[PDB]
Each structure stands twice: as C-alpha cells, then as structure tokens.
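Student: Sharing query.txt (compact mmCIF, N, CA, C and O atoms and all ligand atoms) below.
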```
# COMPACT_ATOMS: atom_id res chain seq x y z
N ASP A 1 -7.20 2.61 18.28
CA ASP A 1 -7.57 3.73 19.20
C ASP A 1 -6.69 3.69 20.45
O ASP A 1 -6.87 2.86 21.34
N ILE A 2 -5.73 4.61 20.51
CA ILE A 2 -4.76 4.66 21.60
C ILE A 2 -5.43 4.94 22.94
O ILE A 2 -5.04 4.36 23.96
N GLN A 3 -6.42 5.83 22.94
CA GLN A 3 -7.19 6.11 24.16
C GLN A 3 -7.85 4.85 24.71
O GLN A 3 -7.87 4.63 25.92
N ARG A 4 -8.41 4.05 23.80
CA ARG A 4 -9.10 2.80 24.15
C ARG A 4 -8.10 1.74 24.61
O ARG A 4 -8.40 0.96 25.52
N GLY A 5 -6.94 1.70 23.96
CA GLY A 5 -5.88 0.74 24.30
C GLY A 5 -5.26 1.06 25.65
O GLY A 5 -4.97 0.15 26.44
N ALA A 6 -5.07 2.35 25.94
CA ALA A 6 -4.56 2.78 27.24
C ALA A 6 -5.52 2.41 28.36
O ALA A 6 -5.11 1.91 29.39
N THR A 7 -6.81 2.65 28.14
CA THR A 7 -7.83 2.31 29.13
C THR A 7 -7.86 0.81 29.44
O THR A 7 -7.91 0.42 30.59
N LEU A 8 -7.83 -0.02 28.41
CA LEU A 8 -7.85 -1.46 28.60
C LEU A 8 -6.56 -2.00 29.24
O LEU A 8 -6.59 -2.89 30.11
N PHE A 9 -5.43 -1.44 28.82
CA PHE A 9 -4.13 -1.82 29.40
C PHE A 9 -4.11 -1.46 30.87
O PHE A 9 -3.58 -2.22 31.70
N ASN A 10 -4.66 -0.30 31.20
CA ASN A 10 -4.58 0.18 32.56
C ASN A 10 -5.25 -0.77 33.51
O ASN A 10 -4.77 -0.99 34.63
N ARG A 11 -6.36 -1.35 33.08
CA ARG A 11 -7.15 -2.25 33.94
C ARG A 11 -6.77 -3.74 33.84
O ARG A 11 -6.99 -4.49 34.81
N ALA A 12 -6.25 -4.19 32.69
CA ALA A 12 -5.96 -5.64 32.52
C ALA A 12 -4.48 -6.01 32.63
O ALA A 12 -4.13 -7.18 32.78
N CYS A 13 -3.63 -5.00 32.57
CA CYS A 13 -2.18 -5.24 32.47
C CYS A 13 -1.29 -4.44 33.42
O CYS A 13 -0.19 -4.90 33.78
N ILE A 14 -1.70 -3.22 33.76
CA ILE A 14 -0.82 -2.25 34.39
C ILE A 14 -0.35 -2.65 35.80
O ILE A 14 0.78 -2.30 36.20
N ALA A 15 -1.15 -3.39 36.55
CA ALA A 15 -0.71 -3.77 37.90
C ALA A 15 0.58 -4.57 37.87
O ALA A 15 1.44 -4.41 38.74
N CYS A 16 0.76 -5.39 36.82
CA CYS A 16 2.00 -6.13 36.63
C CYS A 16 3.02 -5.38 35.77
O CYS A 16 4.19 -5.44 36.07
N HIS A 17 2.58 -4.69 34.74
CA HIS A 17 3.47 -4.02 33.78
C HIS A 17 3.40 -2.52 33.96
O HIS A 17 3.20 -1.77 33.00
N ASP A 18 3.68 -2.10 35.19
CA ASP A 18 3.47 -0.72 35.56
C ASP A 18 4.39 0.21 34.75
O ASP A 18 5.61 0.07 34.77
N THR A 19 3.75 1.10 33.98
CA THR A 19 4.41 2.03 33.05
C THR A 19 5.42 1.35 32.14
O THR A 19 6.46 1.91 31.76
N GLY A 20 5.06 0.13 31.73
CA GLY A 20 5.89 -0.65 30.84
C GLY A 20 6.86 -1.63 31.47
O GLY A 20 7.65 -2.26 30.75
N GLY A 21 6.83 -1.76 32.80
CA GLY A 21 7.79 -2.56 33.54
C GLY A 21 7.30 -3.99 33.74
O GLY A 21 6.56 -4.55 32.91
N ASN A 22 7.74 -4.58 34.83
CA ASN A 22 7.29 -5.90 35.22
C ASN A 22 7.63 -6.06 36.69
O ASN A 22 8.79 -6.19 37.07
N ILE A 23 6.59 -6.05 37.52
CA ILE A 23 6.82 -6.06 38.97
C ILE A 23 7.11 -7.43 39.52
O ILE A 23 7.47 -7.56 40.68
N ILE A 24 6.96 -8.45 38.68
CA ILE A 24 7.09 -9.85 39.08
C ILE A 24 8.43 -10.43 38.65
O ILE A 24 9.10 -11.14 39.44
N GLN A 25 8.79 -10.15 37.40
CA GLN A 25 9.89 -10.81 36.71
C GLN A 25 10.81 -9.78 36.07
O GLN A 25 10.53 -9.26 34.98
N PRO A 26 11.93 -9.48 36.74
CA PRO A 26 12.93 -8.62 36.12
C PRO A 26 13.43 -9.25 34.82
O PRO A 26 13.45 -10.50 34.68
N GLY A 27 13.76 -8.40 33.87
CA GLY A 27 14.21 -8.80 32.56
C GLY A 27 13.10 -9.00 31.56
O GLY A 27 13.37 -9.17 30.37
N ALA A 28 11.85 -9.03 32.01
CA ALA A 28 10.77 -9.31 31.10
C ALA A 28 9.79 -8.14 31.05
O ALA A 28 8.60 -8.32 31.12
N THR A 29 10.33 -6.93 30.93
CA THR A 29 9.50 -5.75 30.80
C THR A 29 8.94 -5.61 29.40
O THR A 29 9.23 -6.42 28.50
N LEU A 30 8.11 -4.59 29.22
CA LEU A 30 7.57 -4.23 27.90
C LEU A 30 8.41 -3.19 27.19
O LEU A 30 7.97 -2.64 26.19
N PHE A 31 9.60 -2.89 27.72
CA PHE A 31 10.54 -2.00 27.02
C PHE A 31 11.16 -2.72 25.84
O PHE A 31 11.42 -3.93 25.88
N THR A 32 11.46 -1.96 24.79
CA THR A 32 12.01 -2.55 23.55
C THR A 32 13.19 -3.52 23.75
O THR A 32 13.21 -4.59 23.16
N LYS A 33 14.17 -3.15 24.58
CA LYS A 33 15.35 -3.99 24.78
C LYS A 33 14.99 -5.36 25.31
O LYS A 33 15.57 -6.36 24.91
N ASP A 34 14.05 -5.40 26.27
CA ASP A 34 13.66 -6.69 26.86
C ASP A 34 12.81 -7.53 25.90
O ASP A 34 12.94 -8.76 25.82
N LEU A 35 11.89 -6.86 25.24
CA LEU A 35 11.07 -7.54 24.24
C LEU A 35 11.99 -8.16 23.20
O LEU A 35 11.82 -9.31 22.84
N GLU A 36 12.98 -7.40 22.76
CA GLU A 36 13.91 -7.88 21.72
C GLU A 36 14.71 -9.08 22.20
O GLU A 36 14.91 -10.06 21.47
N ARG A 37 15.20 -8.99 23.42
CA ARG A 37 16.03 -10.05 23.96
C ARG A 37 15.23 -11.32 24.17
O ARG A 37 15.77 -12.43 24.08
N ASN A 38 13.93 -11.18 24.44
CA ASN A 38 13.06 -12.31 24.61
C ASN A 38 12.36 -12.77 23.35
O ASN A 38 11.54 -13.68 23.40
N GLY A 39 12.72 -12.18 22.22
CA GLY A 39 12.20 -12.63 20.93
C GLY A 39 10.76 -12.27 20.64
O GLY A 39 10.10 -12.95 19.83
N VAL A 40 10.27 -11.19 21.25
CA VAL A 40 8.83 -10.83 21.18
C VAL A 40 8.55 -9.35 20.90
O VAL A 40 7.46 -8.84 21.21
N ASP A 41 9.49 -8.67 20.25
CA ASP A 41 9.30 -7.25 19.90
C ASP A 41 8.54 -7.06 18.58
O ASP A 41 8.97 -6.29 17.71
N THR A 42 7.43 -7.77 18.42
CA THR A 42 6.53 -7.61 17.30
C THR A 42 5.09 -7.71 17.78
O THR A 42 4.80 -8.42 18.76
N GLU A 43 4.19 -7.04 17.08
CA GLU A 43 2.77 -7.12 17.43
C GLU A 43 2.30 -8.58 17.44
O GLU A 43 1.54 -8.99 18.32
N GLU A 44 2.77 -9.39 16.48
CA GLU A 44 2.30 -10.77 16.38
C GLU A 44 2.77 -11.61 17.55
O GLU A 44 2.03 -12.46 18.05
N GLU A 45 3.99 -11.37 18.01
CA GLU A 45 4.55 -12.08 19.16
C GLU A 45 3.96 -11.59 20.47
O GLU A 45 3.69 -12.40 21.37
N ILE A 46 3.74 -10.28 20.56
CA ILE A 46 3.06 -9.71 21.75
C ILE A 46 1.63 -10.27 21.84
O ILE A 46 1.17 -10.68 22.91
N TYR A 47 0.94 -10.34 20.71
CA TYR A 47 -0.40 -10.89 20.70
C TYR A 47 -0.37 -12.36 21.17
O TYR A 47 -1.15 -12.78 22.06
N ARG A 48 0.55 -13.15 20.62
CA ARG A 48 0.57 -14.57 20.94
C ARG A 48 0.85 -14.79 22.43
O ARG A 48 0.20 -15.63 23.08
N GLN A 49 1.79 -14.05 22.99
CA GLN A 49 2.09 -14.25 24.41
C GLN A 49 0.93 -13.78 25.30
O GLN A 49 0.61 -14.41 26.31
N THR A 50 0.27 -12.71 24.91
CA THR A 50 -0.90 -12.25 25.68
C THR A 50 -2.03 -13.29 25.60
O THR A 50 -2.78 -13.50 26.56
N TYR A 51 -2.16 -13.91 24.44
CA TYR A 51 -3.23 -14.86 24.23
C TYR A 51 -3.00 -16.14 25.01
O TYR A 51 -3.89 -16.63 25.70
N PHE A 52 -1.80 -16.71 24.89
CA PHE A 52 -1.52 -18.04 25.49
C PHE A 52 -0.74 -18.02 26.80
O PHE A 52 -0.71 -19.02 27.52
N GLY A 53 -0.04 -16.92 27.08
CA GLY A 53 0.74 -16.79 28.31
C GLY A 53 2.11 -17.44 28.22
O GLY A 53 2.46 -18.07 27.20
N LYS A 54 2.89 -17.29 29.29
CA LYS A 54 4.22 -17.89 29.36
C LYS A 54 4.67 -17.73 30.79
O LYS A 54 4.61 -16.63 31.33
N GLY A 55 5.10 -18.82 31.42
CA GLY A 55 5.52 -18.76 32.81
C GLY A 55 4.44 -18.16 33.67
O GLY A 55 3.30 -18.63 33.65
N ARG A 56 4.77 -17.11 34.42
CA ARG A 56 3.82 -16.45 35.30
C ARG A 56 2.99 -15.33 34.61
O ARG A 56 2.17 -14.65 35.27
N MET A 57 3.17 -15.16 33.31
CA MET A 57 2.35 -14.27 32.48
C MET A 57 1.13 -15.11 32.12
O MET A 57 1.25 -16.11 31.38
N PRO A 58 -0.05 -14.75 32.66
CA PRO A 58 -1.23 -15.55 32.32
C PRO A 58 -1.63 -15.37 30.88
O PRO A 58 -1.41 -14.31 30.31
N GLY A 59 -2.23 -16.40 30.27
CA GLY A 59 -2.84 -16.23 28.98
C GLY A 59 -4.25 -15.66 29.10
O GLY A 59 -5.00 -16.03 30.03
N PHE A 60 -4.63 -14.79 28.18
CA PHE A 60 -5.94 -14.14 28.27
C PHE A 60 -6.90 -14.56 27.14
O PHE A 60 -8.03 -14.11 27.11
N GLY A 61 -6.39 -15.34 26.18
CA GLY A 61 -7.18 -15.65 24.99
C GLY A 61 -8.33 -16.59 25.28
O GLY A 61 -8.25 -17.41 26.19
N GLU A 62 -9.38 -16.49 24.47
CA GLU A 62 -10.61 -17.27 24.70
C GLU A 62 -10.33 -18.78 24.65
O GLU A 62 -10.90 -19.56 25.42
N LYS A 63 -9.44 -19.18 23.74
CA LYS A 63 -9.06 -20.58 23.57
C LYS A 63 -7.72 -20.90 24.23
O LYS A 63 -7.12 -21.92 23.96
N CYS A 64 -7.25 -20.03 25.14
CA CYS A 64 -6.08 -20.37 25.92
C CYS A 64 -6.37 -21.67 26.69
O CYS A 64 -7.46 -21.88 27.22
N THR A 65 -5.40 -22.55 26.73
CA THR A 65 -5.61 -23.88 27.25
C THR A 65 -4.24 -24.46 27.53
O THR A 65 -3.29 -24.12 26.82
N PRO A 66 -4.11 -25.28 28.59
CA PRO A 66 -5.12 -25.65 29.57
C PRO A 66 -5.44 -24.55 30.58
O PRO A 66 -4.68 -23.61 30.76
N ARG A 67 -6.58 -24.70 31.24
CA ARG A 67 -7.08 -23.72 32.21
C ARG A 67 -6.02 -23.12 33.16
O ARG A 67 -6.04 -21.93 33.46
N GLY A 68 -5.11 -23.96 33.64
CA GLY A 68 -4.09 -23.51 34.58
C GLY A 68 -3.10 -22.47 34.08
O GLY A 68 -2.54 -21.74 34.88
N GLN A 69 -2.86 -22.39 32.77
CA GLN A 69 -1.90 -21.42 32.23
C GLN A 69 -2.56 -20.07 31.88
O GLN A 69 -1.89 -19.13 31.46
N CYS A 70 -3.87 -20.00 32.07
CA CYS A 70 -4.66 -18.83 31.68
C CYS A 70 -5.21 -18.06 32.88
O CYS A 70 -5.32 -18.62 34.00
N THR A 71 -5.57 -16.80 32.66
CA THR A 71 -6.20 -15.97 33.69
C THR A 71 -7.39 -16.71 34.32
O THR A 71 -8.11 -17.39 33.61
N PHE A 72 -7.58 -16.61 35.64
CA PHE A 72 -8.84 -17.12 36.23
C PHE A 72 -9.94 -16.05 36.19
O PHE A 72 -11.09 -16.30 36.57
N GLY A 73 -9.58 -14.86 35.75
CA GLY A 73 -10.58 -13.84 35.46
C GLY A 73 -11.22 -14.07 34.10
O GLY A 73 -10.94 -15.08 33.44
N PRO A 74 -12.01 -13.10 33.62
CA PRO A 74 -12.58 -13.28 32.27
C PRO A 74 -11.52 -13.25 31.18
O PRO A 74 -10.55 -12.49 31.26
N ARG A 75 -11.72 -14.05 30.15
CA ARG A 75 -10.85 -13.98 28.97
C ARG A 75 -11.15 -12.70 28.19
O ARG A 75 -12.25 -12.13 28.29
N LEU A 76 -10.18 -12.23 27.41
CA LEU A 76 -10.35 -11.08 26.53
C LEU A 76 -10.73 -11.56 25.13
O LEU A 76 -10.25 -12.60 24.68
N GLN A 77 -11.58 -10.80 24.46
CA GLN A 77 -11.89 -11.06 23.06
C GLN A 77 -10.67 -10.83 22.17
O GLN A 77 -9.80 -10.02 22.49
N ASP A 78 -10.63 -11.51 21.04
CA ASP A 78 -9.56 -11.30 20.06
C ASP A 78 -9.33 -9.80 19.75
O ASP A 78 -8.18 -9.32 19.66
N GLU A 79 -10.40 -9.03 19.56
CA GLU A 79 -10.22 -7.62 19.20
C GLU A 79 -9.53 -6.84 20.33
O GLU A 79 -8.76 -5.90 20.07
N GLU A 80 -9.82 -7.23 21.57
CA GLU A 80 -9.21 -6.57 22.73
C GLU A 80 -7.70 -6.89 22.77
O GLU A 80 -6.89 -6.01 23.05
N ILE A 81 -7.34 -8.13 22.48
CA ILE A 81 -5.94 -8.55 22.55
C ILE A 81 -5.16 -7.89 21.41
O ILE A 81 -4.03 -7.46 21.60
N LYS A 82 -5.78 -7.78 20.24
CA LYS A 82 -5.19 -7.05 19.12
C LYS A 82 -4.93 -5.59 19.50
O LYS A 82 -3.83 -5.09 19.29
N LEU A 83 -5.92 -4.92 20.07
CA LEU A 83 -5.73 -3.53 20.55
C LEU A 83 -4.57 -3.42 21.54
O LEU A 83 -3.74 -2.50 21.48
N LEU A 84 -4.54 -4.34 22.47
CA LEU A 84 -3.49 -4.38 23.50
C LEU A 84 -2.11 -4.61 22.89
O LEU A 84 -1.13 -3.94 23.27
N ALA A 85 -2.02 -5.53 21.93
CA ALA A 85 -0.75 -5.81 21.26
C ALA A 85 -0.23 -4.59 20.46
O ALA A 85 0.94 -4.23 20.51
N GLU A 86 -1.13 -3.95 19.73
CA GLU A 86 -0.82 -2.69 19.05
C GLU A 86 -0.37 -1.61 20.03
O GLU A 86 0.62 -0.89 19.78
N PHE A 87 -1.08 -1.49 21.14
CA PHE A 87 -0.77 -0.48 22.16
C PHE A 87 0.62 -0.72 22.77
O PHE A 87 1.45 0.20 22.88
N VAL A 88 0.90 -1.95 23.15
CA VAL A 88 2.23 -2.27 23.69
C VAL A 88 3.36 -1.99 22.69
O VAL A 88 4.39 -1.40 23.02
N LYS A 89 3.16 -2.40 21.44
CA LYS A 89 4.18 -2.16 20.43
C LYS A 89 4.41 -0.67 20.24
O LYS A 89 5.57 -0.23 20.14
N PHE A 90 3.32 0.09 20.18
CA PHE A 90 3.40 1.55 20.00
C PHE A 90 4.13 2.21 21.17
O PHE A 90 5.05 2.99 20.96
N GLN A 91 3.75 1.84 22.39
CA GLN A 91 4.36 2.40 23.59
C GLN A 91 5.84 2.04 23.72
O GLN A 91 6.66 2.90 24.08
N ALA A 92 6.18 0.79 23.40
CA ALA A 92 7.56 0.34 23.48
C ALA A 92 8.38 1.13 22.46
O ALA A 92 9.46 1.63 22.75
N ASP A 93 7.84 1.27 21.26
CA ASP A 93 8.56 2.07 20.23
C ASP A 93 8.82 3.50 20.69
O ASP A 93 9.85 4.12 20.31
N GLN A 94 7.88 4.04 21.47
CA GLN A 94 7.93 5.42 21.96
C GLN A 94 8.75 5.56 23.24
O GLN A 94 9.01 6.68 23.69
N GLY A 95 9.13 4.43 23.83
CA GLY A 95 9.90 4.37 25.07
C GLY A 95 9.09 4.53 26.35
O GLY A 95 9.64 4.97 27.36
N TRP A 96 7.81 4.19 26.30
CA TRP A 96 6.87 4.30 27.43
C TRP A 96 6.84 5.69 28.04
O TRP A 96 7.20 5.89 29.18
N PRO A 97 6.41 6.69 27.26
CA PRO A 97 6.35 8.05 27.82
C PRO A 97 5.48 8.14 29.07
O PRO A 97 4.43 7.50 29.14
N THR A 98 5.93 8.92 30.05
CA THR A 98 5.14 9.25 31.23
C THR A 98 4.83 10.74 31.18
O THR A 98 5.63 11.53 30.64
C1 LIG B 101 -2.54 -7.51 29.84
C2 LIG B 101 -3.38 -8.12 28.95
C3 LIG B 101 -1.07 -7.91 29.63
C4 LIG B 101 -0.30 -7.78 28.54
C5 LIG B 101 -0.62 -7.12 27.19
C6 LIG B 101 0.98 -8.38 28.83
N1 LIG B 101 0.94 -8.88 30.10
FE1 LIG B 101 2.49 -9.80 31.03
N2 LIG B 101 4.03 -10.72 31.95
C7 LIG B 101 4.00 -11.10 33.29
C8 LIG B 101 5.18 -11.89 33.60
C9 LIG B 101 5.55 -12.56 34.93
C10 LIG B 101 5.94 -11.96 32.32
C11 LIG B 101 7.26 -12.71 32.13
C12 LIG B 101 6.91 -14.17 31.80
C13 LIG B 101 8.15 -15.04 31.62
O1 LIG B 101 9.26 -14.60 31.94
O2 LIG B 101 8.03 -16.19 31.17
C14 LIG B 101 5.19 -11.21 31.36
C15 LIG B 101 5.58 -10.97 30.06
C16 LIG B 101 4.86 -10.26 29.14
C17 LIG B 101 5.31 -9.90 27.81
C18 LIG B 101 6.71 -10.25 27.28
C19 LIG B 101 7.73 -9.32 27.95
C20 LIG B 101 9.18 -9.66 27.63
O3 LIG B 101 10.09 -8.79 27.86
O4 LIG B 101 9.43 -10.82 27.20
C21 LIG B 101 4.32 -9.23 27.21
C22 LIG B 101 4.32 -8.64 25.80
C23 LIG B 101 3.20 -9.12 28.15
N3 LIG B 101 3.58 -9.76 29.32
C24 LIG B 101 2.03 -8.48 27.92
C25 LIG B 101 3.05 -10.81 34.19
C26 LIG B 101 1.81 -10.31 33.94
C27 LIG B 101 0.75 -10.13 34.91
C28 LIG B 101 0.86 -10.46 36.40
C29 LIG B 101 -0.07 -11.19 37.05
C30 LIG B 101 -0.30 -9.61 34.25
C31 LIG B 101 -1.66 -9.24 34.83
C32 LIG B 101 0.07 -9.45 32.86
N4 LIG B 101 1.35 -9.86 32.72
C33 LIG B 101 -0.72 -8.94 31.88
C34 LIG B 101 -0.30 -8.62 30.62
```
For this file, write the structure as structure tokens.
Tutor:
Amino acid sequence: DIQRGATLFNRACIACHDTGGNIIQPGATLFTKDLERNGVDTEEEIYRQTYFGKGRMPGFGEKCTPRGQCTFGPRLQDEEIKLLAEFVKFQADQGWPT
C-alpha cells in the first residue's frame, strides 16, 4: 500500500531523507545512483539497513542490537519495515517524484 508506505515514511524517515535525500550524510541518499554505489539498491538490502542501521543511520528493527546502534524511539514491526523497504525501492525506481 503506497499510501500507507508514504504516511509511515513521512513520519519515521523523511526528516533525514527529505524527498529521497539525506540531510546528514551526502552521498548516502535514497536515489538509485547512491543506493547502487553503496551496494543497497534492493528491497532486501534496504530492509536490512533499516532494520540494523549503519553509521549514523539508526536501526529500527525489534531485534536491532546493541541498543546504541538503534533508534532510541520505538522500534518498527517487521511488517512496517517491509512496507518501508518496498516504498523506498519503488520511489527510487521512479526517481522520487515531487
Ligand atoms: C526510516 C525508517 C528510514 C529509512 C527507510 C531509511 N532511513 Fe536512513 N540514513 C541516515 C544516514 C546518516 C545514512 C547514511 C549512513 C552511512 O553512511 O553509513 C542513511 C542511509 C540510509 C539508507 C542507505 C542509503 C545509501 O545511499 O546507502 C537507506 C536505504 C535508509 N537510510 C533508509 C540517516 C537517517 C536518519 C537520521 C536521524 C533517519 C531518521 C533515518 N535515516 C531513517 C531511515
């Protein structure tokens, strides 16, 4: 559900990945070229990074561990992270339409 994925992305991701970008770390946007260069232009890789995190990208998964590498907010359920990974892949493929 793209409507549902957009809503969840808007509240859990968009402040950092504004319209597909990255306000913290240049080179690590959600655009296809950056995802590709970073080895993560697949739903499975997007899911894994969202779940466990990397660098200053917090992990959101329920079993993300250790505590310090994960969001200090609530964790996301597996189904939510799957929706988000699908949504990011779809948007990146589409070129992040505005
Ligand atoms: C909400 C759940 C999300 C989702 C789906 C993603 N993020 Fe982030 N992200 C942030 C930073 C600093 C990075 C770079 C980390 C590094 O260089 O080691 C990332 C990276 C990603 C990717 C990979 C992008 C790439 O081109 O390699 C993906 C798929 C991704 N994120 C998804 C920063 C943040 C945040 C700032 C506090 C927040 C919030 C999020 N990300 C949230 C999400």
Student: From the list A:89, A:11, A:82, A:54, which residue is nearest residue 41 in chain A when using only N, CA, C and O atoms?
Tutor: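 That would be A:89, the residue with the smallest distance to residue 41 in chain A.
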Student: What's around residue 9 in chain A at 12 Å? Count only C-alpha atoms, leave out sequence neighbours fewer than 4 positions away in its own chain, and write the answer as a JSON list (two decimals) with N, CA, C and O atoms, keeping the file's coordinate frame.
Tutor:
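Okay, part.json is ready:
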```
[["chain", "number", "residue", "atom", "x", "y", "z"],
["A", 2, "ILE", "N", -5.73, 4.61, 20.51],
["A", 2, "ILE", "CA", -4.76, 4.66, 21.60],
["A", 2, "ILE", "C", -5.43, 4.94, 22.94],
["A", 2, "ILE", "O", -5.04, 4.36, 23.96],
["A", 3, "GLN", "N", -6.42, 5.83, 22.94],
["A", 3, "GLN", "CA", -7.19, 6.11, 24.16],
["A", 3, "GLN", "C", -7.85, 4.85, 24.71],
["A", 3, "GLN", "O", -7.87, 4.63, 25.92],
["A", 4, "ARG", "N", -8.41, 4.05, 23.80],
["A", 4, "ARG", "CA", -9.10, 2.80, 24.15],
["A", 4, "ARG", "C", -8.10, 1.74, 24.61],
["A", 4, "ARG", "O", -8.40, 0.96, 25.52],
["A", 5, "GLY", "N", -6.94, 1.70, 23.96],
["A", 5, "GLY", "CA", -5.88, 0.74, 24.30],
["A", 5, "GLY", "C", -5.26, 1.06, 25.65],
["A", 5, "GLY", "O", -4.97, 0.15, 26.44],
["A", 13, "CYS", "N", -3.63, -5.00, 32.57],
["A", 13, "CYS", "CA", -2.18, -5.24, 32.47],
["A", 13, "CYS", "C", -1.29, -4.44, 33.42],
["A", 13, "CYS", "O", -0.19, -4.90, 33.78],
["A", 14, "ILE", "N", -1.70, -3.22, 33.76],
["A", 14, "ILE", "CA", -0.82, -2.25, 34.39],
["A", 14, "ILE", "C", -0.35, -2.65, 35.80],
["A", 14, "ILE", "O", 0.78, -2.30, 36.20],
["A", 15, "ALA", "N", -1.15, -3.39, 36.55],
["A", 15, "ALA", "CA", -0.71, -3.77, 37.90],
["A", 15, "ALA", "C", 0.58, -4.57, 37.87],
["A", 15, "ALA", "O", 1.44, -4.41, 38.74],
["A", 16, "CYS", "N", 0.76, -5.39, 36.82],
["A", 16, "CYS", "CA", 2.00, -6.13, 36.63],
["A", 16, "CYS", "C", 3.02, -5.38, 35.77],
["A", 16, "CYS", "O", 4.19, -5.44, 36.07],
["A", 17, "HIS", "N", 2.58, -4.69, 34.74],
["A", 17, "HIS", "CA", 3.47, -4.02, 33.78],
["A", 17, "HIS", "C", 3.40, -2.52, 33.96],
["A", 17, "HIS", "O", 3.20, -1.77, 33.00],
["A", 18, "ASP", "N", 3.68, -2.10, 35.19],
["A", 18, "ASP", "CA", 3.47, -0.72, 35.56],
["A", 18, "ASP", "C", 4.39, 0.21, 34.75],
["A", 18, "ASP", "O", 5.61, 0.07, 34.77],
["A", 19, "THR", "N", 3.75, 1.10, 33.98],
["A", 19, "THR", "CA", 4.41, 2.03, 33.05],
["A", 19, "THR", "C", 5.42, 1.35, 32.14],
["A", 19, "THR", "O", 6.46, 1.91, 31.76],
["A", 20, "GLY", "N", 5.06, 0.13, 31.73],
["A", 20, "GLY", "CA", 5.89, -0.65, 30.84],
["A", 20, "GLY", "C", 6.86, -1.63, 31.47],
["A", 20, "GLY", "O", 7.65, -2.26, 30.75],
["A", 50, "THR", "N", 0.27, -12.71, 24.91],
["A", 50, "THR", "CA", -0.90, -12.25, 25.68],
["A", 50, "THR", "C", -2.03, -13.29, 25.60],
["A", 50, "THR", "O", -2.78, -13.50, 26.56],
["A", 76, "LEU", "N", -10.18, -12.23, 27.41],
["A", 76, "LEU", "CA", -10.35, -11.08, 26.53],
["A", 76, "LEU", "C", -10.73, -11.56, 25.13],
["A", 76, "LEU", "O", -10.25, -12.60, 24.68],
["A", 80, "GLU", "N", -9.82, -7.23, 21.57],
["A", 80, "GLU", "CA", -9.21, -6.57, 22.73],
["A", 80, "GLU", "C", -7.70, -6.89, 22.77],
["A", 80, "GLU", "O", -6.89, -6.01, 23.05],
["A", 81, "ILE", "N", -7.34, -8.13, 22.48],
["A", 81, "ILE", "CA", -5.94, -8.55, 22.55],
["A", 81, "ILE", "C", -5.16, -7.89, 21.41],
["A", 81, "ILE", "O", -4.03, -7.46, 21.60],
["A", 82, "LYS", "N", -5.78, -7.78, 20.24],
["A", 82, "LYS", "CA", -5.19, -7.05, 19.12],
["A", 82, "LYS", "C", -4.93, -5.59, 19.50],
["A", 82, "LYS", "O", -3.83, -5.09, 19.29],
["A", 83, "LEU", "N", -5.92, -4.92, 20.07],
["A", 83, "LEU", "CA", -5.73, -3.53, 20.55],
["A", 83, "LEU", "C", -4.57, -3.42, 21.54],
["A", 83, "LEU", "O", -3.74, -2.50, 21.48],
["A", 84, "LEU", "N", -4.54, -4.34, 22.47],
["A", 84, "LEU", "CA", -3.49, -4.38, 23.50],
["A", 84, "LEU", "C", -2.11, -4.61, 22.89],
["A", 84, "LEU", "O", -1.13, -3.94, 23.27],
["A", 85, "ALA", "N", -2.02, -5.53, 21.93],
["A", 85, "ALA", "CA", -0.75, -5.81, 21.26],
["A", 85, "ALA", "C", -0.23, -4.59, 20.46],
["A", 85, "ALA", "O", 0.94, -4.23, 20.51],
["A", 86, "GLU", "N", -1.13, -3.95, 19.73],
["A", 86, "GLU", "CA", -0.82, -2.69, 19.05],
["A", 86, "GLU", "C", -0.37, -1.61, 20.03],
["A", 86, "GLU", "O", 0.62, -0.89, 19.78],
["A", 87, "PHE", "N", -1.08, -1.49, 21.14],
["A", 87, "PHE", "CA", -0.77, -0.48, 22.16],
["A", 87, "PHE", "C", 0.62, -0.72, 22.77],
["A", 87, "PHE", "O", 1.45, 0.20, 22.88],
["A", 88, "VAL", "N", 0.90, -1.95, 23.15],
["A", 88, "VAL", "CA", 2.23, -2.27, 23.69],
["A", 88, "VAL", "C", 3.36, -1.99, 22.69],
["A", 88, "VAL", "O", 4.39, -1.40, 23.02],
["A", 91, "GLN", "N", 3.75, 1.84, 22.39],
["A", 91, "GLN", "CA", 4.36, 2.40, 23.59],
["A", 91, "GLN", "C", 5.84, 2.04, 23.72],
["A", 91, "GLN", "O", 6.66, 2.90, 24.08]]
```
Student: If I take CA of residue 71 in chain A and CA of residue 27 in chain A, how far is one from the other in Å, to one decimal?
Tutor: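 Here the two named atoms are 21.7 Å from each other.
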Student: What does the distance from CA of residue 69 in chain A to CA of residue 37 in chain A come to in Å, to one decimal?
Tutor: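 According to the coordinates, CA of residue 69 in chain A and CA of residue 37 in chain A are separated by 22.8 Å.
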Student: Would you work out the distance separating atom C of residue 51 in chain A from CA of residue 64 in chain A, expressed in Å to one decimal?
Tutor: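 Pair atom C of residue 51 in chain A / CA of residue 64 in chain A returns 5.3 Å.
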Student: Using DSSP secondary structure from the backbone, list all strand (DSSP E or B) positions within chain A, as a list in words.
Tutor: residues 54, 57, 59 and 70 of chain A
Student: Closest to ligand LIG 101 (chain B) among A:90, A:72, A:52, A:47, using only N, CA, C and O atoms and all ligand atoms?
Tutor: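 Of all the options, A:47 lies closest to ligand LIG 101 (chain B).
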Student: So which residues touch residue 63 in chain A within 10 Å, counting only C-alpha atoms, skipping near sequence neighbours fewer than 3 positions away, as number ranges by chain?
Tutor: A: 51-52, 59-60, 66-67, 70, 75, 77-78
Student: Which one of A:44, A:39, A:26, A:55 sits closest to ligand LIG 101 (chain B) if you count only C-alpha atoms and all ligand atoms?
Tutor: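 Of A:44, A:39, A:26, A:55, the one nearest ligand LIG 101 (chain B) is A:55, counting only C-alpha atoms and all ligand atoms.
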Student: Identify which of the residues A:94, A:42, A:29, A:65 lies closest to ligand LIG 101 (chain B), counting only C-alpha atoms and all ligand atoms when measuring atom-to-atom distances.
Tutor: A:29
Student: I'd like to know which residues of range 7-87 of chain A are alpha helix (DSSP H) (by DSSP, run on the backbone); could you write them as a ChimeraX atom specification?
Tutor: /A:7-12,32-37,43-52,78-87
Student: I'd like to know which of A:57, A:10, A:62, A:74 is closest to ligand LIG 101 (chain B), using all atoms listed in the file.
Tutor: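 Looking only at the distances to ligand LIG 101 (chain B), the closest residue turns out to be A:57.
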Student: Ranking A:33, A:98, A:46, A:53 by minimum distance to ligand LIG 101 (chain B) and counting only C-alpha atoms and all ligand atoms, which one comes first?
Tutor: A:46
